[PDB]
Amino acid sequence: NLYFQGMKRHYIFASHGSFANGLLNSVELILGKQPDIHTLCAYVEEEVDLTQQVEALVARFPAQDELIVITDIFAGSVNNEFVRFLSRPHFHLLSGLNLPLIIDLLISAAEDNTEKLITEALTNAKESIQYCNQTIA
Amino acid sequence: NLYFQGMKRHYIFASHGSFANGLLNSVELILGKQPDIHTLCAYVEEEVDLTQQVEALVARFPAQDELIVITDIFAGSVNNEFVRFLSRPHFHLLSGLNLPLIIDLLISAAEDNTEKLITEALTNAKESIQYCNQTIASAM
(Lines give C-alpha, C1' and ligand atoms only; values in the text may rest on other atoms or scores of the structure.)
Protein backbone atom coordinates (compact mmCIF):
# COMPACT_ATOMS: atom_id res chain seq x y z
CA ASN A 1 0.00 0.00 0.00
CA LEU A 2 2.22 2.85 1.43
CA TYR A 3 5.93 3.13 2.41
CA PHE A 4 7.55 4.15 5.67
CA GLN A 5 10.81 5.65 6.87
CA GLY A 6 11.59 2.60 8.99
CA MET A 7 8.45 0.86 10.19
CA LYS A 8 4.87 1.98 10.54
CA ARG A 9 4.30 2.95 14.21
CA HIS A 10 1.11 2.15 16.14
CA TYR A 11 0.44 3.48 19.64
CA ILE A 12 -1.65 1.83 22.36
CA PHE A 13 -2.71 3.76 25.44
CA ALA A 14 -3.67 1.26 28.17
CA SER A 15 -5.29 2.05 31.55
CA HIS A 16 -7.47 0.88 34.42
CA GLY A 17 -10.67 2.62 33.62
CA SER A 18 -11.13 5.48 31.18
CA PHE A 19 -7.88 7.31 31.65
CA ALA A 20 -6.65 6.11 28.24
CA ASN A 21 -9.58 7.65 26.33
CA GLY A 22 -9.42 10.86 28.35
CA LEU A 23 -5.72 11.31 27.71
CA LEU A 24 -6.33 10.68 23.98
CA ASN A 25 -8.90 13.53 24.18
CA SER A 26 -6.25 15.88 25.62
CA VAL A 27 -3.82 14.85 22.84
CA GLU A 28 -6.34 15.50 20.11
CA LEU A 29 -7.32 18.90 21.58
CA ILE A 30 -3.62 19.90 21.25
CA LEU A 31 -2.12 18.01 18.29
CA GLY A 32 -5.20 17.23 16.27
CA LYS A 33 -6.80 13.89 15.43
CA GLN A 34 -4.56 10.86 15.89
CA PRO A 35 -5.54 7.76 13.84
CA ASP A 36 -2.60 5.57 14.92
CA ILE A 37 -3.41 5.77 18.66
CA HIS A 38 -5.57 2.98 20.04
CA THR A 39 -6.91 2.74 23.56
CA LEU A 40 -7.47 -0.08 25.99
CA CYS A 41 -9.65 0.79 28.99
CA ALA A 42 -9.57 -2.14 31.43
CA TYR A 43 -12.39 -3.14 33.82
CA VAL A 44 -15.09 -0.87 32.43
CA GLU A 45 -17.14 -4.06 31.67
CA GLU A 46 -17.12 -7.00 34.18
CA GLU A 47 -17.68 -9.60 31.41
CA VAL A 48 -14.30 -8.88 29.67
CA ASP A 49 -11.15 -10.80 30.71
CA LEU A 50 -8.02 -8.58 30.72
CA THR A 51 -5.67 -11.25 29.30
CA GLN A 52 -8.07 -11.73 26.37
CA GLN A 53 -8.47 -7.95 25.93
CA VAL A 54 -4.65 -7.30 25.82
CA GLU A 55 -3.65 -10.43 23.90
CA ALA A 56 -6.37 -9.95 21.30
CA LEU A 57 -5.40 -6.31 20.72
CA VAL A 58 -1.68 -7.07 20.36
CA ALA A 59 -2.29 -10.02 18.02
CA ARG A 60 -4.13 -7.65 15.56
CA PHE A 61 -1.00 -5.64 14.73
CA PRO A 62 1.25 -6.71 11.81
CA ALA A 63 4.52 -8.27 13.12
CA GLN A 64 6.58 -6.10 10.77
CA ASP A 65 5.37 -2.88 12.28
CA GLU A 66 6.31 -1.14 15.47
CA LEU A 67 3.96 -1.30 18.49
CA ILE A 68 4.45 1.27 21.24
CA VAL A 69 2.32 0.63 24.34
CA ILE A 70 2.04 3.20 27.10
CA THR A 71 0.41 1.98 30.30
CA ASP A 72 -1.02 3.91 33.25
CA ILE A 73 1.23 2.41 35.93
CA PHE A 74 4.08 -0.04 36.26
CA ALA A 75 3.06 -1.86 39.45
CA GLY A 76 -0.38 -2.70 38.03
CA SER A 77 -2.45 -5.33 36.24
CA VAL A 78 -2.54 -3.57 32.90
CA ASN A 79 1.17 -3.18 32.59
CA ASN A 80 1.79 -6.64 33.94
CA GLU A 81 -0.22 -8.16 31.01
CA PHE A 82 1.88 -6.45 28.35
CA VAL A 83 5.19 -7.59 29.96
CA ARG A 84 4.85 -10.98 28.08
CA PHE A 85 5.32 -9.11 24.74
CA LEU A 86 8.77 -7.72 25.53
CA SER A 87 10.33 -10.49 23.42
CA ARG A 88 7.98 -9.91 20.44
CA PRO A 89 9.91 -8.06 17.70
CA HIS A 90 9.49 -4.30 17.53
CA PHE A 91 7.31 -4.19 20.67
CA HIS A 92 7.93 -1.30 23.05
CA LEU A 93 6.38 -0.95 26.50
CA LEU A 94 6.37 2.29 28.49
CA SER A 95 4.74 2.70 31.88
CA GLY A 96 3.36 5.95 33.41
CA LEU A 97 1.03 7.45 30.82
CA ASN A 98 1.08 11.26 30.83
CA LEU A 99 0.55 14.19 28.44
CA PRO A 100 4.05 15.62 28.00
CA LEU A 101 5.26 12.09 27.18
CA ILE A 102 2.75 11.64 24.40
CA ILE A 103 3.15 15.12 22.94
CA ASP A 104 6.90 14.70 22.69
CA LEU A 105 6.58 11.26 21.00
CA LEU A 106 4.14 12.56 18.37
CA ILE A 107 5.99 15.83 17.64
CA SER A 108 9.22 13.85 17.30
CA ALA A 109 7.75 11.06 15.15
CA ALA A 110 10.12 11.71 12.23
CA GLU A 111 12.89 10.24 14.44
CA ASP A 112 13.41 6.71 13.00
CA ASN A 113 15.61 5.51 15.89
CA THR A 114 12.84 4.21 18.16
CA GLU A 115 14.98 3.81 21.26
CA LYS A 116 16.16 7.36 20.88
CA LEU A 117 12.59 8.57 20.41
CA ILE A 118 11.26 6.84 23.51
CA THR A 119 14.10 7.67 25.81
CA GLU A 120 14.22 11.36 24.79
CA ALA A 121 10.46 11.57 25.25
CA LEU A 122 10.55 9.93 28.72
CA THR A 123 13.35 12.30 29.66
CA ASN A 124 11.53 15.38 28.35
CA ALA A 125 8.36 14.18 30.09
CA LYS A 126 10.10 13.80 33.47
CA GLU A 127 11.62 17.30 33.18
CA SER A 128 8.21 18.74 32.46
CA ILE A 129 6.62 16.93 35.46
CA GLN A 130 7.23 19.49 38.20
CA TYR A 131 6.28 21.28 41.41
CA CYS A 132 5.52 24.79 40.19
CA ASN A 133 5.73 26.52 43.61
CA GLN A 134 9.42 25.63 43.38
CA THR A 135 10.17 25.93 39.63
CA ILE A 136 8.28 29.25 39.13
CA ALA A 137 10.27 30.98 41.94
CA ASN B 1 -17.75 22.68 59.77
CA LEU B 2 -16.30 26.22 59.99
CA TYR B 3 -13.54 25.30 62.46
CA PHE B 4 -11.88 22.03 63.42
CA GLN B 5 -8.56 20.54 64.53
CA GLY B 6 -6.10 19.56 61.77
CA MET B 7 -5.99 20.51 58.10
CA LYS B 8 -8.15 19.57 55.15
CA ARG B 9 -6.45 18.68 51.92
CA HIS B 10 -8.36 19.07 48.64
CA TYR B 11 -7.14 17.96 45.20
CA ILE B 12 -7.97 19.36 41.76
CA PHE B 13 -7.14 17.45 38.59
CA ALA B 14 -7.12 19.93 35.76
CA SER B 15 -6.83 18.99 32.08
CA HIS B 16 -7.48 19.78 28.44
CA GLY B 17 -10.46 17.59 27.82
CA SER B 18 -11.66 14.61 29.82
CA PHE B 19 -8.28 13.32 30.93
CA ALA B 20 -8.85 14.56 34.51
CA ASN B 21 -12.04 12.47 34.81
CA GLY B 22 -10.50 9.39 33.20
CA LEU B 23 -7.52 9.57 35.64
CA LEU B 24 -9.87 9.90 38.65
CA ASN B 25 -11.56 6.74 37.30
CA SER B 26 -8.24 4.87 37.45
CA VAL B 27 -7.52 6.11 40.97
CA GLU B 28 -10.94 5.08 42.20
CA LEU B 29 -10.73 1.61 40.71
CA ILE B 30 -7.54 1.22 42.67
CA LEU B 31 -8.08 3.12 45.98
CA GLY B 32 -11.89 3.51 46.05
CA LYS B 33 -14.07 6.65 45.62
CA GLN B 34 -12.32 9.97 46.15
CA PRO B 35 -14.67 12.57 47.63
CA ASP B 36 -11.90 15.21 47.90
CA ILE B 37 -10.64 15.07 44.31
CA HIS B 38 -12.36 17.58 42.06
CA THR B 39 -11.90 17.67 38.34
CA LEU B 40 -11.66 20.55 35.93
CA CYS B 41 -12.04 19.48 32.30
CA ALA B 42 -11.33 22.34 29.89
CA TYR B 43 -12.69 22.85 26.37
CA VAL B 44 -15.45 20.26 26.65
CA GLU B 45 -18.04 23.09 26.24
CA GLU B 46 -17.83 25.90 23.63
CA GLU B 47 -19.95 28.10 26.00
CA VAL B 48 -17.88 28.53 29.20
CA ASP B 49 -14.54 30.41 29.29
CA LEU B 50 -11.58 29.13 31.21
CA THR B 51 -10.48 31.97 33.44
CA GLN B 52 -13.93 32.12 35.08
CA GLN B 53 -14.25 28.30 35.28
CA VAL B 54 -10.88 28.24 37.04
CA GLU B 55 -11.33 31.23 39.41
CA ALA B 56 -14.81 30.10 40.42
CA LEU B 57 -13.64 26.56 41.29
CA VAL B 58 -10.68 27.73 43.43
CA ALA B 59 -12.74 30.46 45.16
CA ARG B 60 -14.88 27.63 46.60
CA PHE B 61 -12.07 26.39 48.94
CA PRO B 62 -11.44 28.16 52.27
CA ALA B 63 -7.94 29.72 52.51
CA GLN B 64 -7.32 27.73 55.70
CA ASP B 65 -7.56 24.44 53.72
CA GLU B 66 -4.83 23.05 51.48
CA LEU B 67 -5.48 22.96 47.74
CA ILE B 68 -3.23 20.72 45.61
CA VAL B 69 -3.81 21.34 41.88
CA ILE B 70 -2.34 18.85 39.39
CA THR B 71 -2.63 19.89 35.76
CA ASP B 72 -2.07 17.86 32.59
CA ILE B 73 0.92 19.79 31.26
CA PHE B 74 3.29 22.55 32.07
CA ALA B 75 3.10 25.61 29.71
CA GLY B 76 -0.27 24.45 28.45
CA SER B 77 -3.24 26.78 28.87
CA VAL B 78 -4.75 24.90 31.79
CA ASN B 79 -1.57 25.08 33.85
CA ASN B 80 -1.21 28.73 32.84
CA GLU B 81 -4.57 29.67 34.28
CA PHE B 82 -3.56 28.29 37.72
CA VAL B 83 -0.15 30.00 37.98
CA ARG B 84 -1.92 33.16 39.28
CA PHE B 85 -2.99 31.34 42.46
CA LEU B 86 0.49 30.91 43.82
CA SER B 87 -0.45 34.03 45.93
CA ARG B 88 -3.09 31.90 47.79
CA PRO B 89 -1.94 30.50 51.08
CA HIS B 90 -1.72 26.69 51.24
CA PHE B 91 -1.88 26.48 47.43
CA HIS B 92 0.24 23.95 45.56
CA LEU B 93 0.54 23.58 41.78
CA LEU B 94 1.95 20.44 40.21
CA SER B 95 2.23 20.03 36.45
CA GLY B 96 2.10 16.61 34.74
CA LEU B 97 -0.80 14.51 35.90
CA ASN B 98 -0.12 10.80 36.04
CA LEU B 99 -1.30 7.82 38.00
CA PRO B 100 1.73 6.92 39.97
CA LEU B 101 1.90 10.52 41.31
CA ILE B 102 -1.63 10.47 42.52
CA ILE B 103 -1.30 7.03 44.16
CA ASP B 104 1.88 8.11 46.02
CA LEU B 105 0.19 11.33 47.25
CA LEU B 106 -2.86 9.42 48.51
CA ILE B 107 -0.75 6.70 50.30
CA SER B 108 1.22 9.43 52.13
CA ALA B 109 -1.89 11.47 52.85
CA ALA B 110 -1.37 11.58 56.65
CA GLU B 111 1.85 13.50 55.93
CA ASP B 112 1.75 17.03 57.43
CA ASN B 113 4.87 18.48 55.75
CA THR B 114 3.21 19.35 52.44
CA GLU B 115 6.54 20.15 50.77
CA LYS B 116 7.87 16.71 51.70
CA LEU B 117 4.70 14.98 50.47
CA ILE B 118 4.74 16.64 47.04
CA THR B 119 8.50 16.44 46.37
CA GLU B 120 8.71 12.77 47.51
CA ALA B 121 5.63 11.85 45.50
CA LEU B 122 7.06 13.55 42.41
CA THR B 123 10.38 11.76 42.86
CA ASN B 124 8.71 8.34 43.34
CA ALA B 125 6.36 9.01 40.38
CA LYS B 126 9.21 9.91 38.06
CA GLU B 127 11.05 6.70 39.04
CA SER B 128 7.91 4.76 38.08
CA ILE B 129 7.67 6.39 34.58
CA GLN B 130 9.98 4.10 32.59
CA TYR B 131 10.91 2.26 29.44
CA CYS B 132 10.04 -1.32 30.41
CA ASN B 133 12.11 -3.04 27.65
CA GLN B 134 15.15 -1.64 29.49
CA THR B 135 14.06 -1.76 33.16
CA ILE B 136 12.55 -5.27 33.07
CA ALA B 137 15.56 -6.54 31.06
CA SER B 138 17.97 -5.25 33.71
CA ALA B 139 16.03 -6.91 36.58
CA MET B 140 16.14 -10.12 34.48
# chains A, B, ... in the order shown; residues from 1 in each chain; ligands from 1
call {"tool": "interface_residues", "arguments": {"of": "chain B", "to": "chain A", "cutoff": "7 Å", "atoms": "only C-alpha atoms", "output": "list in words"}}
result
residues 16, 17, 18, 19, 22, 23, 25, 26, 72, 73, 74, 86, 92, 93, 94, 95, 96, 97, 98, 99, 100, 126, 128, 129, 130, 131, 132 and 133 of chain B
call {"tool": "atom_distance", "arguments": {"atom1": "CA of residue 4 in chain A", "atom2": "CA of residue 110 in chain A"}}
result
10.3 Å
call {"tool": "select_by_dssp", "arguments": {"residues": "range 44-128 of chain A", "states": "strand (DSSP E or B)", "output": "ChimeraX atom specification"}}
result
/A:66-71,91-95
call {"tool": "write_last_selection", "arguments": {"atoms": "N, CA, C and O atoms", "output": "PDB file, in the first residue's frame"}}
result
ATOM      1  N   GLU A  66       5.965  -1.492  14.101  1.00  0.00           N
ATOM      2  CA  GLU A  66       6.311  -1.140  15.473  1.00  0.00           C
ATOM      3  C   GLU A  66       5.071  -0.909  16.320  1.00  0.00           C
ATOM      4  O   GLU A  66       4.161  -0.212  15.865  1.00  0.00           O
ATOM      5  N   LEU A  67       5.060  -1.474  17.537  1.00  0.00           N
ATOM      6  CA  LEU A  67       3.963  -1.300  18.493  1.00  0.00           C
ATOM      7  C   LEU A  67       4.510  -0.686  19.754  1.00  0.00           C
ATOM      8  O   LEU A  67       5.318  -1.321  20.468  1.00  0.00           O
ATOM      9  N   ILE A  68       4.086   0.552  20.023  1.00  0.00           N
ATOM     10  CA  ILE A  68       4.452   1.269  21.241  1.00  0.00           C
ATOM     11  C   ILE A  68       3.247   1.385  22.180  1.00  0.00           C
ATOM     12  O   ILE A  68       2.290   2.094  21.897  1.00  0.00           O
ATOM     13  N   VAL A  69       3.319   0.643  23.289  1.00  0.00           N
ATOM     14  CA  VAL A  69       2.317   0.625  24.335  1.00  0.00           C
ATOM     15  C   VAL A  69       2.761   1.496  25.505  1.00  0.00           C
ATOM     16  O   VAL A  69       3.899   1.359  26.015  1.00  0.00           O
ATOM     17  N   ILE A  70       1.862   2.382  25.919  1.00  0.00           N
ATOM     18  CA  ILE A  70       2.041   3.198  27.103  1.00  0.00           C
ATOM     19  C   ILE A  70       0.956   2.917  28.132  1.00  0.00           C
ATOM     20  O   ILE A  70      -0.269   3.182  27.900  1.00  0.00           O
ATOM     21  N   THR A  71       1.369   2.329  29.248  1.00  0.00           N
ATOM     22  CA  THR A  71       0.412   1.984  30.301  1.00  0.00           C
ATOM     23  C   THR A  71       0.364   3.025  31.419  1.00  0.00           C
ATOM     24  O   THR A  71       1.279   3.840  31.606  1.00  0.00           O
ATOM     25  N   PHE A  91       8.299  -4.533  19.646  1.00  0.00           N
ATOM     26  CA  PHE A  91       7.307  -4.194  20.668  1.00  0.00           C
ATOM     27  C   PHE A  91       8.033  -3.372  21.708  1.00  0.00           C
ATOM     28  O   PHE A  91       9.151  -3.746  22.124  1.00  0.00           O
ATOM     29  N   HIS A  92       7.408  -2.268  22.105  1.00  0.00           N
ATOM     30  CA  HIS A  92       7.935  -1.295  23.051  1.00  0.00           C
ATOM     31  C   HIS A  92       6.893  -1.002  24.114  1.00  0.00           C
ATOM     32  O   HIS A  92       5.738  -0.673  23.782  1.00  0.00           O
ATOM     33  N   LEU A  93       7.280  -1.146  25.386  1.00  0.00           N
ATOM     34  CA  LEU A  93       6.377  -0.953  26.503  1.00  0.00           C
ATOM     35  C   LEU A  93       6.906   0.139  27.396  1.00  0.00           C
ATOM     36  O   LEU A  93       8.079   0.066  27.886  1.00  0.00           O
ATOM     37  N   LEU A  94       6.067   1.155  27.613  1.00  0.00           N
ATOM     38  CA  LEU A  94       6.365   2.288  28.487  1.00  0.00           C
ATOM     39  C   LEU A  94       5.312   2.301  29.544  1.00  0.00           C
ATOM     40  O   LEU A  94       4.131   2.031  29.246  1.00  0.00           O
ATOM     41  N   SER A  95       5.694   2.601  30.775  1.00  0.00           N
ATOM     42  CA  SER A  95       4.738   2.698  31.876  1.00  0.00           C
ATOM     43  C   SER A  95       4.721   4.122  32.455  1.00  0.00           C
ATOM     44  O   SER A  95       5.761   4.764  32.535  1.00  0.00           O
TER      45      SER A  95
END
call {"tool": "residues_around", "arguments": {"residues": "residue 103 in chain B", "least_positions_apart": "4", "cutoff": "9 Å", "atoms": "only C-alpha atoms", "output": "PyMOL selection string"}}
result
chain B and resi 27+30-31+99+107-108+121+125
call {"tool": "residues_around", "arguments": {"residues": "range 107-109 of chain A", "least_positions_apart": "5", "cutoff": "10 Å", "atoms": "only C-alpha atoms", "output": "MDAnalysis selection string"}}
result
chainID A and resid 9 31 102 114 117:118 120:121
call {"tool": "write_last_selection", "arguments": {"atoms": "N, CA, C and O atoms", "output": "short mmCIF file (atom, residue, chain, number, x, y, z; two decimals), in the first residue's frame"}}
result
data_model
loop_
_atom_site.label_atom_id
_atom_site.label_comp_id
_atom_site.auth_asym_id
_atom_site.auth_seq_id
_atom_site.Cartn_x
_atom_site.Cartn_y
_atom_site.Cartn_z
N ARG A 9 4.48 2.97 12.77
CA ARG A 9 4.30 2.95 14.21
C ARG A 9 2.82 2.98 14.60
O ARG A 9 2.08 3.80 14.08
N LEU A 31 -2.81 18.39 19.53
CA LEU A 31 -2.12 18.01 18.29
C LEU A 31 -3.02 17.51 17.18
O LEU A 31 -2.55 17.01 16.15
N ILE A 102 3.37 11.86 25.70
CA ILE A 102 2.75 11.64 24.40
C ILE A 102 3.00 12.74 23.38
O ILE A 102 3.30 12.48 22.18
N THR A 114 13.99 4.29 17.20
CA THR A 114 12.84 4.21 18.16
C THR A 114 13.27 4.27 19.61
O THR A 114 12.57 4.81 20.46
N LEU A 117 13.90 7.91 20.29
CA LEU A 117 12.59 8.57 20.41
C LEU A 117 11.99 8.42 21.81
O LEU A 117 11.59 9.40 22.47
N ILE A 118 11.89 7.19 22.23
CA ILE A 118 11.26 6.84 23.51
C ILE A 118 12.12 7.35 24.67
O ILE A 118 11.65 7.89 25.64
N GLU A 120 14.23 9.91 24.85
CA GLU A 120 14.22 11.36 24.79
C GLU A 120 12.86 11.86 25.23
O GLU A 120 12.76 12.84 25.95
N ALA A 121 11.84 11.14 24.84
CA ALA A 121 10.46 11.57 25.25
C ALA A 121 10.21 11.36 26.77
O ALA A 121 9.62 12.22 27.41
#
call {"tool": "residues_around", "arguments": {"residues": "residue 54 in chain B", "least_positions_apart": "4", "cutoff": "12 Å", "atoms": "only C-alpha atoms", "output": "ChimeraX atom specification"}}
result
/B:12-15,38-42,48-50,58-60,69,71,77-85
call {"tool": "decode", "arguments": {"residues": "range 103-131 of chain B", "atoms": "N, CA and C atoms", "output": "tab-separated table (two decimals), in the first residue's frame"}}
result
chain	number	residue	atom	x	y	z
B	103	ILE	N	-1.34	8.14	43.22
B	103	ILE	CA	-1.30	7.03	44.16
B	103	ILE	C	-0.31	7.30	45.32
B	104	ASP	N	0.88	7.80	44.99
B	104	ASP	CA	1.88	8.11	46.02
B	104	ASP	C	1.41	9.21	46.99
B	105	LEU	N	0.79	10.26	46.45
B	105	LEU	CA	0.19	11.33	47.25
B	105	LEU	C	-0.89	10.80	48.21
B	106	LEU	N	-1.77	9.93	47.70
B	106	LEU	CA	-2.86	9.42	48.51
B	106	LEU	C	-2.40	8.46	49.63
B	107	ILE	N	-1.48	7.55	49.31
B	107	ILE	CA	-0.75	6.70	50.30
B	107	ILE	C	-0.15	7.50	51.47
B	108	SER	N	0.62	8.54	51.14
B	108	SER	CA	1.22	9.43	52.13
B	108	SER	C	0.34	10.57	52.61
B	109	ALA	N	-0.97	10.38	52.62
B	109	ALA	CA	-1.89	11.47	52.85
B	109	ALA	C	-1.98	11.97	54.29
B	110	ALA	N	-1.51	11.17	55.24
B	110	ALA	CA	-1.37	11.58	56.65
B	110	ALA	C	-0.21	12.55	56.86
B	111	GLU	N	0.67	12.65	55.86
B	111	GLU	CA	1.85	13.50	55.93
B	111	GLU	C	1.47	14.99	56.10
B	112	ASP	N	2.02	15.61	57.13
B	112	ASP	CA	1.75	17.03	57.43
B	112	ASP	C	2.72	18.03	56.79
B	113	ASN	N	3.93	17.60	56.46
B	113	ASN	CA	4.87	18.48	55.75
B	113	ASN	C	4.50	18.42	54.28
B	114	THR	N	3.75	19.41	53.81
B	114	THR	CA	3.21	19.35	52.44
B	114	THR	C	4.28	19.38	51.36
B	115	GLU	N	5.37	20.08	51.67
B	115	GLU	CA	6.54	20.15	50.77
B	115	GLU	C	7.16	18.78	50.57
B	116	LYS	N	7.30	18.05	51.68
B	116	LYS	CA	7.87	16.71	51.70
B	116	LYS	C	6.97	15.74	50.96
B	117	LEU	N	5.67	15.78	51.23
B	117	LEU	CA	4.70	14.98	50.47
B	117	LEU	C	4.83	15.11	48.94
B	118	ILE	N	4.75	16.33	48.46
B	118	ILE	CA	4.74	16.64	47.04
B	118	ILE	C	6.10	16.30	46.35
B	119	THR	N	7.20	16.73	46.95
B	119	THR	CA	8.50	16.44	46.37
B	119	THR	C	8.78	14.93	46.34
B	120	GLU	N	8.56	14.23	47.46
B	120	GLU	CA	8.71	12.77	47.51
B	120	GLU	C	7.80	12.03	46.51
B	121	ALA	N	6.54	12.43	46.47
B	121	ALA	CA	5.63	11.85	45.50
B	121	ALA	C	6.11	12.07	44.05
B	122	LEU	N	6.56	13.27	43.74
B	122	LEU	CA	7.06	13.55	42.41
B	122	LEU	C	8.29	12.71	42.10
B	123	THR	N	9.19	12.61	43.07
B	123	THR	CA	10.38	11.76	42.86
B	123	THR	C	10.02	10.30	42.60
B	124	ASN	N	9.13	9.75	43.42
B	124	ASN	CA	8.71	8.34	43.34
B	124	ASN	C	7.92	8.09	42.05
B	125	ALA	N	7.12	9.08	41.65
B	125	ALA	CA	6.36	9.01	40.38
B	125	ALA	C	7.28	8.97	39.17
B	126	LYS	N	8.26	9.86	39.16
B	126	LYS	CA	9.21	9.91	38.06
B	126	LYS	C	10.02	8.61	37.92
B	127	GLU	N	10.35	7.98	39.05
B	127	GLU	CA	11.05	6.70	39.04
B	127	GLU	C	10.22	5.63	38.38
B	128	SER	N	8.91	5.67	38.66
B	128	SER	CA	7.91	4.76	38.08
B	128	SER	C	7.61	4.89	36.55
B	129	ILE	N	7.83	6.09	36.01
B	129	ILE	CA	7.67	6.39	34.58
B	129	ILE	C	8.93	5.86	33.86
B	130	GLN	N	8.78	4.83	33.05
B	130	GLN	CA	9.98	4.10	32.59
B	130	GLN	C	9.77	3.38	31.29
B	131	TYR	N	10.89	3.04	30.66
B	131	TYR	CA	10.91	2.26	29.44
B	131	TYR	C	11.06	0.78	29.86
